[PDB]
Amino acid sequence: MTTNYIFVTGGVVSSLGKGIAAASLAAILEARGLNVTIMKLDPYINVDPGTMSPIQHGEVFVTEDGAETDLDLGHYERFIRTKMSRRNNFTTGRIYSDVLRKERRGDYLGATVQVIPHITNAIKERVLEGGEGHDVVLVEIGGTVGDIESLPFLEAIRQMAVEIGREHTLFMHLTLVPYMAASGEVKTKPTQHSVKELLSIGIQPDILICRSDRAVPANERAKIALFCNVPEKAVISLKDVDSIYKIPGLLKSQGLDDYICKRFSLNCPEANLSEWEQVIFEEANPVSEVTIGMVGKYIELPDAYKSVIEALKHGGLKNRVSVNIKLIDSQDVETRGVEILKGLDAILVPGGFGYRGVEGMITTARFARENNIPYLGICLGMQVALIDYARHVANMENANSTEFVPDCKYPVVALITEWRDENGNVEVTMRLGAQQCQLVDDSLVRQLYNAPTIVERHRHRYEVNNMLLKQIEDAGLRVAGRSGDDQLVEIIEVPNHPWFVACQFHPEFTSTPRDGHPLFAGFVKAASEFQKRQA
Amino acid sequence: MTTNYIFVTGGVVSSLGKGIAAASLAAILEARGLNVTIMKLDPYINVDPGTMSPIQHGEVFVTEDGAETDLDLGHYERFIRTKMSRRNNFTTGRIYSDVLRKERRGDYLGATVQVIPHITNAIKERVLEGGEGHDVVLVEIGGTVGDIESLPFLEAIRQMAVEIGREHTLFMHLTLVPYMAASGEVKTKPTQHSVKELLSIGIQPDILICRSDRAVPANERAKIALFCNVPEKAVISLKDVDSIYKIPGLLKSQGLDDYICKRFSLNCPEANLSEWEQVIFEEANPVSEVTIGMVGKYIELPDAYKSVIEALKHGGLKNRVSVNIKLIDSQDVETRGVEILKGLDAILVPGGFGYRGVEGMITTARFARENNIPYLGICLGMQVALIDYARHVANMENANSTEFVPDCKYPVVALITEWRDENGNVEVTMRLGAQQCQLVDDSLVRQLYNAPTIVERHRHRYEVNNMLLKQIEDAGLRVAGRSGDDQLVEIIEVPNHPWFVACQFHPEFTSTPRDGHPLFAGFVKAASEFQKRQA
Amino acid sequence: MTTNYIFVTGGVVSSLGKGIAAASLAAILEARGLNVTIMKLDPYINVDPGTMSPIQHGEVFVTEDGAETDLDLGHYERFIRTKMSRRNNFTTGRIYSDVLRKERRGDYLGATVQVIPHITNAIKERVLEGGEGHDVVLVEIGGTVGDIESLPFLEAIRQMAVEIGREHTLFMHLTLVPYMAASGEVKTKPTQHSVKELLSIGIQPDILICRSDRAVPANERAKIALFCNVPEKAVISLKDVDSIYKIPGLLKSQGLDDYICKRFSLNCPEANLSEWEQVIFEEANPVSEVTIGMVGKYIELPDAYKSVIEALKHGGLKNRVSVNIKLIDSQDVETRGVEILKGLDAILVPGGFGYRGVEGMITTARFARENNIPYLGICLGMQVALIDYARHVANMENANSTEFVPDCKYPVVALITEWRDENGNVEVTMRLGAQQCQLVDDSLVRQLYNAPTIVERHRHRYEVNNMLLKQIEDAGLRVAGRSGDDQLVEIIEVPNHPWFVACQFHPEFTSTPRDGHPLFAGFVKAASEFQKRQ
Ligand SMILES: Nc1ccn([C@@H]2O[C@H](COP(=O)(O)OP(=O)(O)OP(=O)(O)O)[C@@H](O)[C@H]2O)c(=O)n1
Ligand SMILES: Nc1ccn([C@@H]2O[C@H](COP(=O)(O)OP(=O)(O)OP(=O)(O)O)[C@@H](O)[C@H]2O)c(=O)n1
Ligand SMILES: Nc1ccn([C@@H]2O[C@H](COP(=O)(O)OP(=O)(O)OP(=O)(O)O)[C@@H](O)[C@H]2O)c(=O)n1
Ligand SMILES: Nc1ccn([C@@H]2O[C@H](COP(=O)(O)OP(=O)(O)OP(=O)(O)O)[C@@H](O)[C@H]2O)c(=O)n1
């Protein structure tokens with residue numbers, strides 16, 4: 001059929017939750033049997049989030065094909081079944097980098113390359129590439145309407161609406177309707193000025209999503225409906241909610257999907273939100289609760305562990321366990337000591353880069369292993385576990401990673417190019433994306449995944465030194481998973497411990513609220529068993 | 001002292017002559033003993049005009065250091081003594097290319113690169129680099145105020161005005177004051193809306209340069225003065241003129257330089273425009289007139305030969321000769337024949353690339369040589385002269401250039417890598433910028449330049465094949481100039497002809513109206529001698 | 001029958017000619033059998049042009065019902081048959097005067113009166129009032145888009161477009177496309193910025209009228225067409241012309257009327273512009289030429305005599321005569337003398353108010369009566385003719401009007417309440433609009449009109465003193481027209497003269513290029529015969 005497009009923009013302020021709204025609406029349309037997809041347009045000059053620090057942009061989400069993207073794609077995969085790829089997230093820097101490469105190559109035939117139409121042509125080509133092949137395509141424009149940085153994005157999508165037509169395009173505008181105490185009522189004036197910004201660039205909104213700390217009354221929605229020349233049913237109230245999994249139900253309660261299916265002339269059955277109602281049911285009726293400590297180095301911005309924090313909540317839904325996540329600075333463990341790690345039913349060390357705070361994570365891993373506290377290490381959290389076991393069990397003095405101490409005697413973690421031993425003898429590139437992993441029989445993860453092979457996503461450089469691995473294995477450490485040709489260690493386990501698993505890949509990128517994740521489900525389940533054993 | 005900046009912008013329309021106004025004002029300030037310089041900001045995505053076709057952007061001006069720049073720098077060097085370089089002209093594509101390279105290198109330290117401040121910081125760094133070291137710096141912003149493409153340029157210079165202060169910065173805004181027949185008066189309303197555009201981005205004009213097909217009356221300047229909150233003496237009338245060399249006198253007659261020197265607290269004597277009054281004197285009182293035919297391939301846009309056409313007028317000033325330049329399509333010579341080249345006192349073949357129309361230039365060179373018509377070839381015009389002489393005198397059948405016929409038997413013009421002969425035997429990279437050339441004694445150019453060595457600017461790839469040169473020399477052709485180590489032929493001359501000179505470099509880039517050029521002066525002088533010999 | 005609306009605005013500059021383009025477009029639709037009407041929305045604070053000076057704003061047009069309106073209603077009546085009224089022109093001052101009246105009256109029930117919606121509703125009420133009853137209604141908005149003085153007008157008609165819908169509303173935008181000599185081409189950038197201003201206030205154009213000193217090439221129109229997201233048929237080129245009577249044909253040749261009939265779903269035959277083609281042919285092929293001097297006091301602004309100058313040209317179309325109008329300051333006749341009136345085939349003294357320059361008009365009328373030069377006096381031009389005849393034929397020393405000399409012995413012109421005589425004895429207030437007039441048999445105007453009664457429009461206060469009239473009638477003067485019950489003198493004629501007529505009404509408000517006017521046709525015809533005799 002004909003591909004339909006829903007352009008999503010926001011005004012007044014920036015942190016309106018544009019991606020959450022687009023993902024929630026896409027879950028409704030998908031629930032009606034429609035083939036839906038989402039993409040994100042960022043107005044940054046960075047070519048991709050690969051260079052951005054975690055404390056600035058958030059987590060670096062990794063798709064299946066190995067693309068480093070904005071974390072909004074994690075929201076997309078946690079709401080709809082469609083798998084994101086590189087074509088679902090591009091930036092202004094990517095556009096200019098592509099146009100500049102075509103010009104120097106001479107593909108513009110000596111013409112003068114301009115913002116209009118050449119930059120806008122490059123944007124339309126990418127929006128079409130990621131969209132064509134689906135029924136409805138949701139395009140989220142980053143930034144606030146009225147700023148310089150998103151003007152090429154808005155002018156580009158305006159040309160698509162003209163060329164495609166109003167029977168297959170919709171402009172959905174999020175706006176802020178703030179409440180004033182001195183007025184006792186929410187205020188529509190910021191929406192008035194924001195919609196006037198869209199008109200001055202040739203965009204007429206079709207749907208207004210009103211964001212506020214409370215429901216926007218029907219009287220105030222009527223003023224917005226008349227000022228914007230849209231039907232009253234096209235003005236939706238989106239109040240602040242405690243759980244984002246309720247937002248799909250809120251939009252359907254106001255007929256947002258019925259208005260979109262009508263405008264696009266799509267004949268599809270009513271949405272069946274039973275799976276989202278079940279997710280809300282499990283979250284609202286827990287049996288017990290636990291406290292899991294997440295010891296990392298980017299705690300100053302909790303969004304640096306977005307998918308990890310969300311996957312922990314998913315492990316609680318499947319076990320009916322309420323999870324209280326306690327962010328603990330690993331550098332505080334370096335100075336104040338282990339005393340800060342008391343009162344935890346489980347310990348998780350997420351990934352990261354840089355030596356700052358690593359020794360605090362190595363001390364944290366030793367504390368969880370010796371005191372039989374359920375432990376889950378991811379990427380860097382696996383390295384600090386291998387370093388702890390090699391030092392304090394295998395008696396490898398000052399064993400470390402070449403990333404932190406290049407001239408160490410026992411480089412248990414190093415690049416494949418650097419593999420050596422304690423004598424210096426040798427043998428005779430960022431890994432990104434999904435890769436198959438072979439699980440070892442009689443291992444804990446072989447039972448959790450209930451499969452001989454699995455597929456997880458990577459983002460790391462330094463690997464386990466296979467030259468020093470067999471000595472650590474003789475000390476009791478277990479290898480639970482290998483991958484590829486070089487038999488690189490992917491998962492390690494410590495027997496004689498209630499639950500101690502560490503993996504090289506990032507399992508949080510495959511966890512969803514409706515399906516959970518086998519690793520996090522067993523990790524949270526072991527946390528409640530540890531808590532109950534403290535009668 | 002402290003560097004002062006004059007930002008030059010334009011509104012209403014694009015073809016206001018912003019560069020002509022900035023260059024004319026810089027000639028006045030320089031005439032007062034001030035160290036002045038100019039720079040041009042282009043909002044194109046091209047990294048430099050090196051890829052733009054001549055029929056689209058105009059001529060590709062070449063500075064001394066070898067930079068391919070916008071032709072507005074030709075206006076700069078023809079008005080002030082300061083020599084332009086690469087730092088006097090950059091584009092939006094250059095800015096983004098520099099910022100993108102810094103990001104991938106990691107110089108931004110994992111931060112999020114944004115339009116503000118990172119793109120605006122990159123613009124301010126370049127404006128300061130080309131300016132610091134001078135008293136007054138004129139910064140011309142391309143495009144029309146109110147468009148998307150020049151918004152980063154305007155926001156960047158607005159931050160410089162705040163940081164530097166209003167005692168060392170001035171905003172000069174060119175505007176259109178059109179005349180309406182039904183109103184019998186010029187209209188100030190387009191200026192009203194244009195100045196409102198500047199206010200909405202944080203810029204208040206200090207000087208209004210009113211462009212119109214007639215002088216803007218003092219009554220209409222008063223309305224503009226009040227609407228813009230500027231003194232009446234800051235509203236200048238710039239009517240359409242027959243000669244751009246009169247514009248320096250028009251601006252000084254209205255005290256534009258006195259207002260700038262006062263605002264900047266510069267104590268300097270009154271401008272002495274005697275050299276510009278002398279240039280206007282020579283142009284207005286010619287003795288005879290001639291008609292010179294310029295046979296090229298980019299005639300559809302006369303700006304493709306901007307500096308060449310201007311240097312021909314400079315040769316007439318020094319000889320008191322009025323020059324009627326007749327643009328003749330070389331491709332018309334291919335089909336209609338030589339009959340179109342009748343009635344010319346001189347023939348000039350300028351540079352170019354591509355085989356289209358080259359055979360018409362080869363026929364044109366043969367016509368000028370056989371009929372004793374003064375001929376001047378530049379770059380490509382020199383190649384077609386060498387091809388003509390090798391074919392029709394040296395009897396080298398189908399002699400050509402490898403740029404046009406790669407497998408020709410006599411590649412008299414080819415890359416140094418391709419140098420071969422008629423038997424195929426061999427011997428045992430764009431040239432850009434100024435290079436020294438050694439003139440041969442008893443040659444025509446040795447007397448015109450009156451020097452053993454000269455310096456001219458290059459822009460070409462294909463050179464004279466030194467393997468086939470000595471056979472052409474035996475046929476009568478003369479080598480007048482060589483350069484560098486490889487003794488590459490720079491100038492050729494045909495004896496037994498009143499005036500026949502062809503050079504590889506572009507001499508039009510060094511010609512000015514106040515100083516002329518020795519080559520063009522002798523070329524135009526020989527044209528009037530040919531015209532007089534037709535009694 | 002659903003009434004359609006065509007909103008007409010303009011940008012870049014003010015002097016685009018919005019009214020002429022609206023009247024020309026209305027002439028095409030009317031030529032197809034449609035009932036059309038035009039409106040004018042002025043953003044001035046003046047309640048009506050009655051207070052505005054002639055030398056500053058132009059002529060004060062008078063409709064049939066007696067309304068003092070902008071002169072653009074003169075262009076309207078000269079292009080379509082529909083008669084204008086008070087409902088076809090209102091200003092911002094009128095809107096605020098209405099709203100303030102309803103407020104103190106208590107019609108707003110103690111509510112807070114605001115610009116939106118109260119001021120905008122008052123505008124929409126008046127646009128509907130003048131529009132309903134027709135097929136197509138053209139509403140011209142004064143001012144330039146982007147200025148603040150016309151923002152309520154633009155928001156009001158924007159609300160009407162939503163209520164009515166795009167099936168019965170159109171936005172036609174006039175814009176300037178200037179030519180640059182340094183570029184050798186016209187520039188569309190001002191149109192870009194002006195259209196963006198329209199979008200900022202919620203208006204999207206449907207038709208673009210490109211004004212320039214030359215035809216806008218099809219390449220530049222296609223660039224404007226896609227920038228505004230309109231079909232290339234909706235971008236019309238309207239170059240500068242030598243005669244406004246060519247504009248209806250120029251718009252039809254580009255299919256502007258067909259696009260409007262299509263958008264409004266109207267099925268009507270092709271426009272028949274045979275009358276306008278005849279007007280263009282007559283103007284382009286004159287046989288002889290005359291020079292008619294217009295001696296007045298408002299020559300400082302030519303627009304002060306807009307309909308008079310236009311009616312003189314219509315008198316030349318009916319006679320195939322090229323009329324070369326020469327504006328002469330009557331105050332110059334006072335100082336330089338009669339020598340200024342030399343070399344004129346006819347003399348016209350228009351109307352006005354104030355004693356300044358009147359004595360020069362009295363001298364001018366005497367020069368035409370004594371030298372047998374065709375003369376036409378309108379309103380004040382009739383007073384100076386009566387004053388001249390009373391002084392130099394009836395021997396009434398210093399005969400004058402009480403408007404100028406209140407205590408003159410012979411007040412031949414005075415208010416009806418002031419009527420006295422030379423001894424002081426007495427007998428036992430604006431006139432505006434159309435009033436029937438009775439013509440006297442065996443008179444000149446009786447023949448020209450070919451009717452016993454006529455209807456013309458008035459604008460004056462001072463009448464002919466009927467107490468002193470019989471003495472002037474005995475001296476030779478003849479009364480050719482009377483009106484009403486008081487038998488007020490409307491037309492006077494001087495016998496033993498080739499062509500000497502003076503009337504109190506304003507006949508120029510009835511003249512059209514297609515029908516002319518009996519008075520002006522005979523006036524210019526007399527000038528041609530006078531020119532042949534010299
Ligand atoms: N006139 C402007 C001003 C700023 N920017 C952009 O605005 C972005 C900042 O967005 P935001 O997250 O809202 O940060 P703040 O401007 O600080 O807004 P707030 O204080 O509400 O957080 C920057 O990327 C900058 O490029 C822009 O495009 N146009
Ligand atoms: N484009 C507009 C629209 C509205 N108004 C004015 O704005 C005023 C409304 O004041 P306000 O108290 O802000 O009304 P609301 O728009 O309803 O404010 P809010 O809903 O945010 O409480 C009205 O008098 C109206 O004249 C205006 O001048 N410009
Ligand atoms: N920001 C402004 C400034 C002016 N005006 C209005 O614009 C009108 C002026 O009309 P115009 O004939 O265009 O005057 P000028 O500005 O002098 O036009 P121009 O000089 O171009 O001939 C005035 O009535 C004034 O109320 C306005 O509404 N908005
Ligand atoms: N809203 C817009 C529209 C266009 N552009 C820029 O405007 C430039 C075109 O400039 P100009 O030389 O004036 O061409 P035209 O738009 O065609 O203007 P005109 O018709 O007057 O020649 C293009 O580079 C384009 O990037 C822009 O920045 N903002």
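Letters go in sequence order (proteins before strands), and every chain restarts at 1. Indexing begins at 1, ligand by ligand and atom by atom, following the structure's order.
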Atom 28 (O) of ligand 2 protein-contacted, heavy-atom criterion under 4.0 angstrom: no
Determine whether a donor-acceptor pair (N or O, by modelled atom type, separation under 3.5 Å) exists between the side chain of A:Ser200 and the backbone of A:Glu197. yes
Apply the test ring-ring contact (aromatic ring centres under 6.0 Å, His included) to residues A:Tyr44 and A:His57: give CA-CA distance (whole Å), side-chain angles for both, the deciding distance (0.1 Å), then the verdict. CA-CA 11 Å; A:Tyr44 320 120; A:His57 189 207; 5.5 Å; yes
If you have a sec, work out which protein heavy atom is nearest atom 23 (C) of ligand 2 and how many Å separate them, to one decimal? C:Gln114 OE1, 3.7 Å
Test item: A:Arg214 side-chain N/O and A:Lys239 main-chain N/O as donor-acceptor pair under 3.5 Å: no
Any sub-3.5 Å donor-acceptor pair from B:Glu103's side-chain atoms to A:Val47's backbone N or O? yes
If I apply the N/O under 3.5 Å rule, does B:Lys187 come out as touching ligand 3? yes
What part of B:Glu185 sits under 4.0 Å from ligand 3 if we count only heavy atoms: the side chain, the backbone, both or neither? neither
Looking at A:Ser212 and A:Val177, would you say the former's side chain and the latter's main chain have a donor-acceptor pair under 3.5 Å? yes
Can you find an N or O of B:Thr188 that's nearer than 3.5 Å to an N or O of ligand 3? yes
Check whether B:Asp147 reaches the backbone of B:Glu149 with its side chain - one donor and one acceptor, N or O, closer than 3.5 Å. no
Would you check the N or O atoms of A:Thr144, main chain and side chain alike, for any that come under 3.5 Å of an N or O of ligand 1? no
Check whether A:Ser237 reaches the backbone of A:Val216 with its side chain - one donor and one acceptor, N or O, closer than 3.5 Å. yes
Atom 12 (O) of ligand 3 touched by protein heavy atom at under 4.0 Å: yes
Does the residue B:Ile116 have a heavy-atom contact with ligand 1, meaning some pair of atoms that are separated by less than 4.0 Å? yes
Would you say ligand 3 has an N or O under 3.5 Å from any N or O of C:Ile148? yes
Nearest protein heavy atom under 4.0 Å from atom 15 (P) of ligand 1, yes or no: no
List every atom of ligand 1 that sits less than 4.0 Å from any heavy atom of B:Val115, numbering the atoms from 1 in the order shown and giving each element. 26 (O)
Check whether B:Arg211 reaches the backbone of B:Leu176 with its side chain - one donor and one acceptor, N or O, closer than 3.5 Å. no
So, the side chain of B:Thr175 versus the backbone of B:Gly11: is there a donor-acceptor pair under 3.5 Å, distance only? no
Exercise check, heavy-atom protein proximity under 4.0 Å to atom 20 (O) of ligand 1: no
protein heavy-atom neighbour closest to atom 9 (C) of ligand 3 works out as B:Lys189 NZ, 4.0 Å
closest protein heavy atom to atom 22 (O) of ligand 1 is A:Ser14 OG, 4.9 Å
Any idea which part of B:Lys223 is under 4.0 Å from ligand 3, heavy-atom wise: side chain, backbone, both or neither? side chain
Short question: side chain of A:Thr91, backbone of A:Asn46 - any donor-acceptor pair under 3.5 Å? yes
Closest protein heavy atom to atom 25 (C) of ligand 1, given as residue, atom name and distance to 0.1 Å: A:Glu149 OE1, 3.3 Å
For atom 7 (O) of ligand 1, the protein heavy atom that lies nearest, with its residue and separation: A:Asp147 OD2, 3.6 Å
Select one of side chain, backbone, both or neither to describe which atoms of A:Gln192 lie under 4.0 Å from any atom of ligand 2, heavy atoms only. side chain
Got a donor-acceptor contact below 3.5 angstrom from the C:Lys306 side chain to the C:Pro302 backbone? no
